[PDB]
Structures are given as structure tokens and as C-alpha cells.
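A.B. asks: Following this message is one structure expressed as C-alpha cells.
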Amino acid sequence: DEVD
Amino acid sequence: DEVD
Amino acid sequence: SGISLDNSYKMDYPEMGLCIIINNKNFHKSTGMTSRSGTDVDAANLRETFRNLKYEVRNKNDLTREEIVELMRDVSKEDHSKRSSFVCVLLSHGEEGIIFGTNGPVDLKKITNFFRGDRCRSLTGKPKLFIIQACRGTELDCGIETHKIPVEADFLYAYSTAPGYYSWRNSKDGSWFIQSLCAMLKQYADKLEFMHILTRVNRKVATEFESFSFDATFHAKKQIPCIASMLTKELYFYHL
Amino acid sequence: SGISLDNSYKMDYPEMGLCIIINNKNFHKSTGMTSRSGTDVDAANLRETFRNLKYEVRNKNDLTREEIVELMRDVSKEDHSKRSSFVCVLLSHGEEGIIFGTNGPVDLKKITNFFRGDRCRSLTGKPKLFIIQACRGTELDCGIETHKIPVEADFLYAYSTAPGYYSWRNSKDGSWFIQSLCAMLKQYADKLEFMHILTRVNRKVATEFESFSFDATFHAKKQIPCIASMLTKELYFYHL
Ligand code: NA
Ligand code: NA
């Protein structure tokens with residue numbers, strides 16, 4: 001999971 | 001007619 | 001029992017819930033804000049409309065920014081366990097993200113934060129509706145001829161106007177948006193899901209209203225409301 | 001003929017319309033933006049999903065801010081007369097109101113202004129859908145345990161996340177929002193109105209996803225998408  |  | 005669906009909010013609690021109506025008409029002289037002629041028409045229309053939907057309506061007039069924050073904090077600390085939903089209607093001057101008390105502005109975020117899923121536990125998982133008749137800027141629409149849940153989940157913001165735009169209010173008939181909202185709730189609340197009602201509100205405001213002004217800058221202008229939905233289920237004001 | 005209703009957009013034009021997918025994965029080193037691992041999964045899922053809805057899909061990869069503006073201006077100057085609708089999907093880094101080209105930012109307003117009712121006449125009165133998988137800020141949701149029309153009318157913004165918040169993307173499975181959107185379109189596009197589909201998307205994202213991170217700041221976080229509707233009719237992807 002990563003943020004944009 | 002008027003704006004808020 | 002047989003197969004069960006859970007696509008719609010449970011709206012058969014003992015109470016529909018509170019409807020808080022904040023009606024700011026007269027502003028402190030030092031703010032320089034004008035009186036909002038016609039807003040009492042809106043407030044009366046909303047009171048009757050939501051009374052017929054069986055909401056416990058509380059009308060509040062001419063609140064300071066401090067009174068707005070205190071009222072919303074107090075309401076969020078009530079026990080809403082027996083209530084299906086929560087509704088708050090704000091009638092005031094405003095800007096993008098801001099509503100005005102009689103003596104100065106309030107961040108919309110400050111008001112709605114009191115009702116976050118983690119800060120008002122008796123409304124967690126229940127629809128929280130914020131209906132906002134206020135400017136979101138100064139743009140004018142010249143028209144064209146034709147196990148955990150998010151703390152921000154289960155909010156619906158029924159904005160009277162698009163982001164960045166003025167919002168129109170008639171001094172005799174009330175605001176375009178609130179006029180249209182009450183008429184569509186009266187006609188369709190026993191028949192349509194709430195997003196579909198608000199879409200009819202969008203169409204009514206977009207097609208039936210156009211400003212008339214002696215000032216060419218403000219003449220022949222149009223308006224589209226903006227539905228901002230963080231809801232996770234369908235919302236019907238009736239139940240089976 | 002008999003009684004006629006006009007509550008839903010006409011979706012039986014010869015063509016459903018264009019679906020423009022802008023998939024920005026690799027960013028110019030000088031911007032300091034990271035690569036968006038997993039976004040090709042999103043772009044492929046969207047292409048297949050909208051192909052099955054009979055949209056003319058055009059996939060574009062790694063566009064500069066100049067290329068994005070040129071592409072959207074060019075698309076808005078096409079003749080959409082035979083097309084029921086218009087769809088644009090933006091997959092990129094972003095901030096509130098901003099999407100990033102590979103070399104710098106683009107105002108969302110600049111993109112959508114090309115399609116205003118007065119600036120793209122062959123889409124006037126037709127639904128214009130902007131689906132945006134991008135951050136809207138840096139907030140994290142820690143969750144809780146359980147004759148004229150307006151020029152801004154007929155737009156729908158399907159935001160992946162609430163205003164002010166990060167948006168989550170899994171490097172293996174794709175973004176939470178696009179994953180859920182395609183699954184709900186696949187399952188319900190022949191059955192439900194589009195606002196109801198997007199509400200199922202909200203619920204899927206809100207209930208089925210939670211971040212896992214070795215970094216306590218980014219661990220166990222949640223997300224709610226935000227539907228911003230300026231539509232004036234119901235939208236069904238099928239017709240009778
Ligand atoms: Na209005
Ligand atoms: Na996402």
C-alpha cells in the first residue's frame with residue numbers, strides 16, 4: 001500500500 | 001435576486 | 001429467515017433524528033455583511049418539509065460563530081442511539097469551505113468534525129446530512145442556450161452551488177436551492193432514493209431559475225447545486 | 001404517443017462516447033515524484049471495464065502537463081454529436097484541485113473547463129464524467145471500529161478520496177478506488193443507476209480496505225471516495  |  | 005440485503009441505511013429507528021436549521025439573516029454591522037432577505041422563507045419551508053419527514057426540527061436564528069460551534073458541539077454530544085440520521089441546514093453568507101456566523105466565519109470542517117465516526121459514536125454508521133445554502137466564491141455562471149470504517153464515511157453535503165460560485169437567493173421567494181429542495185422532498189420523499197431526489201433538485205435549479213438584475217454583471221446568471229456524497233448506502237426517508 | 005418521462009440522460013446515441021484514460025506512472029526526476037507502482041493494473045482494468053460498456057477507450061501513458069492540456073483541448077474540439085456521454089479517467093499524483101503531469105501540475109479546473117456547456121457544444125446537455133485517482137491532500141483517515149443551462153451542469157466528479165485526504169494505491173492490486181469502481185461497474189452497470197453504483201463503490205472502499213505499513217504514521221488507515229455530482233438526470237449505461 002502506497003499513497004498518490 | 002441576490003447573492004449570498 | 002430468507003435472503004437479506006443491506007444496500008440501504010436502516011431508517012426505522014424509533015426516531016428519524018434531529019434537523020438543526022441555522023438561519024442567519026442579520027449580521028453584526030462591523031462585519032459589513034448584508035441582511036439575507038428571503039431567508040426566513042427558506043427556514044420556514046425547511047421546518048415544514050422536515051417536520052413532514054418526521055424529523056425533530058430545531059430552528060436557530062442569527063447565531064454568532066461562537067454560538068454555532070457551541071450548538072454543534074452540544075448536539076454532537078447528545079445520545080443519538082434511537083435516531084436514524086442527522087440533518088443540519090446552514091443558511092448564511094459563505095465562501096469556499098466557510099459559513100458565516102453573525103460576527104465572523106466558521107470553517108465548515110470545524111462543524112462537521114464534531115460528527116466524525118470516531119467523535120459522535122451514536123451516529124457512527126448513520127447518514128449525516130449537511131445542507132448548505134451559502135456562497136462558495138464569487139464566480140458567476142453565464143449559462144449556455146439549449147472492522148473499521150473511515151471517520152469521514154456516511155456524510156452527505158448538499159451544496160447549493162458549484163465550488164467557487166456564488167449562490168442565488170430571491171428576497172421574495174427564498175433561495176433557488178432551498179425552494180427546489182423542499183419542493184422535491186415534498187413530491188418524492190415517499191418514492192425516490194435521496195441521491196435521485198437531489199438530482200431532480202439539480203435539474204430544477206439548473207432549468208427553472210435565471211437571475212434578473214439591473215446590473216449587467218449579475219444579470220441572466222444560472223446555478224447548478226453540487227451533491228458531495230460520502231454515503232455508503234442508499235437513503236430512503238420511508239421504511240417498509 | 002403516450003406519456004413520456006425525461007428523468008434520465010439519453011444514452012442511445014449511435015455511440016456511448018469517448019473514455020480517455022490518462023495513466024501517469026513515471027515522473028520526471030526533477031519533480032521529485034515517485035513512480036506509481038500498480039497504476040498499469042488500474043489502467044488495464046479501466047480499459048476492459050469501459051470497453052464492455054461500449055466506450056471508445058483511448059489509453060495515454062506518461063503525459064507532461066503540456067500534453068495533458070493539449071490532449072483535453074483537442075478532445076473537446078472533436079464533434080461529439082453522435083456520442084451519448086464523455087468520460088475521462090486521471091491516474092496520477094495530485095493535491096486538492098490539482099493533477100500532475102509527468103513534469104508538473106495541472107489545475108483540474110483547466111481540464112474540465114474545456115468541456116463546459118458553452119465551450120464544447122456537442123456535449124451540452126450530456127453527462128461528462130471525470131474519474132480521479134489522485135491525492136487531494138495529506139490527511140490520513142484513522143477510521144473507527146464498528147432556455148439556458150448552467151455551464152457547469154452535467155459534470156460528475158468521481159473522486160477517489162475525501163477532500164484534503166491522501167488516496168491509497170496498492171502496488172500489486174491497483175488503487176483501492178479503481179479496483180472497486182471496475183468491480184462495481186462490471187457487476188451492476190446493467191442493473192443500477194450510476195449514483196447507486198458509485199455508492200456501492202464508496203461502501204466497498206470504506207469496508208474492505210485498510211492500509212498495512214511498517215510506518216506507524218501510515219498504518220491501519222482507511223479511505224472514503226467522494227462523489228461530486230452536478231448531473232441533472234439519472235445515468236444508466238444501458239438503454240431500453
Ligand atoms: Na440557492
Ligand atoms: Na484509491
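Quick note on naming: the chains in the C-alpha cells go A, B, ... in the order shown, residues restart at 1 in each chain, and ligands are numbered from 1 in order of appearance.
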Can you pull out every residue with an atom within 10 Å of ligand 2? Use only C-alpha atoms and all ligand atoms and format it as JSON, numbers by chain.

C.D. replies: {"A": [2, 3, 4], "D": [42, 91, 132, 133, 134, 135, 159, 160, 161, 166, 167, 168, 169, 170, 174, 175, 176, 177, 178, 179, 180, 181, 205, 209, 223, 224, 225]}

A.B. asks: Give me, as a PyMOL selection string, all polymer residues having an atom no more than 10 Å from residue 43 in chain C, counting only C-alpha atoms and skipping those fewer than 2 positions away in the same chain.

C.D. replies: chain C and resi 21-24+38-41+45-49+59-61+89-91+174+178

A.B. asks: Run DSSP on the backbone and tell me which residues of range 138-171 of chain D come out as strand (DSSP E or B); list them as number ranges by chain.

C.D. replies: D: 139, 141, 144-145, 148-149, 155-159, 165, 168-170

A.B. asks: To one decimal place, how far is CA of residue 14 in chain D from CA of residue 143 in chain C in Å?

C.D. replies: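 That distance, rounded to one decimal, is 27.3 Å.
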